[PDB]
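What follows is a single chain, given as structure tokens, in the form deposited in one PDB entry.
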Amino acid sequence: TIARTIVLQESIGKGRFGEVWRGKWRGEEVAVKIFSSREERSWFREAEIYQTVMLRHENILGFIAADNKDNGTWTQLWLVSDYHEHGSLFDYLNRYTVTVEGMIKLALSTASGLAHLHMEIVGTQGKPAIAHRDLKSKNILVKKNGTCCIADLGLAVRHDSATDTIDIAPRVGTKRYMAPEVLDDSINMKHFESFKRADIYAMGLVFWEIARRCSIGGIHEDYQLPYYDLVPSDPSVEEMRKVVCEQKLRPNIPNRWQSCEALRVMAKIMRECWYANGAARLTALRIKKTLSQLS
């Protein structure tokens, strides 16, 4: 009664695996991600993460269902979610500039989603702490109300806090957004907090992307991906490692950002997400608090 009743209308892009469509379910727009039979492990793992108890949150993509659909020749494996017409934060930031208010809304909601992912909720209906492992502007979506929600949870890892163990055996993710310790393979992958810290580094890069598009008095920067000035469009681990680990460079913080308090606060958050030492980085909770006070 899920897949059977949905009609696909428009192809809207690709996932890591799977094809994303705009579909209609009981007259409503939904997003459908479709995987083939040979991608069952990917589909199942993403279904599993989205079905985590107590996961739902305004800043996490709203999951509707996992399902199968047999068309008479082959079986499709479906994930169905809320639909957000703006699409990704990447798309949004390319299309638009934002106000100071708009920037803070995007950054705060992103941090709130990540803080929720990262947080263990204790109790009978307890939520394990979860780290994303591939956070970037392309997998954060922008809702009609101008807030963000986090998607693409297929690479996520979940923590059992009593044993300090992780639910799968984990260099995944997008090379451009990989933390220094991921790039140089020094990350201790038996340590769950290390994955949280790596997510924070990537969120700092996303905040830089947003801040570039904050237009004050007609003044703003063009849209760029982090490290656009230092690496090729599809960089290798080695190309990223030489920049981030060896030369110790980070995205440049424009001078015009010091002239505005909101932009100063954002720039300071970025610096404190970009430390080479993960243990020194801000937590998502702390970032949320700081942006909430700013909002």
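C-alpha atoms forming the largest set that superposes within 1.5 Å between two forms make up the rigid core. One-based numbering along the sequence shown.
What follows is about the form deposited in another entry, which we do not show.
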Does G72 move its CA by 2 angstroms or more between the shown form and the other one when the core is aligned? yes
Does the distance between the two CA positions of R38 reach 2 Å or more between the shown form and the other one, the core being superposed? yes
Inspect the rigid-core superposition and answer whether the C-alpha of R22 shifts by 2 angstroms or more between the shown form and the other one. no
Can you confirm the direction of the Cα distance change for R41 and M178 in the other entry, closer or farther than in this form, given it is 3 Å or more? closer
Your call: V53 and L155 CA atoms, closer or farther in the other entry versus the shown structure, by 3 Å or more? closer
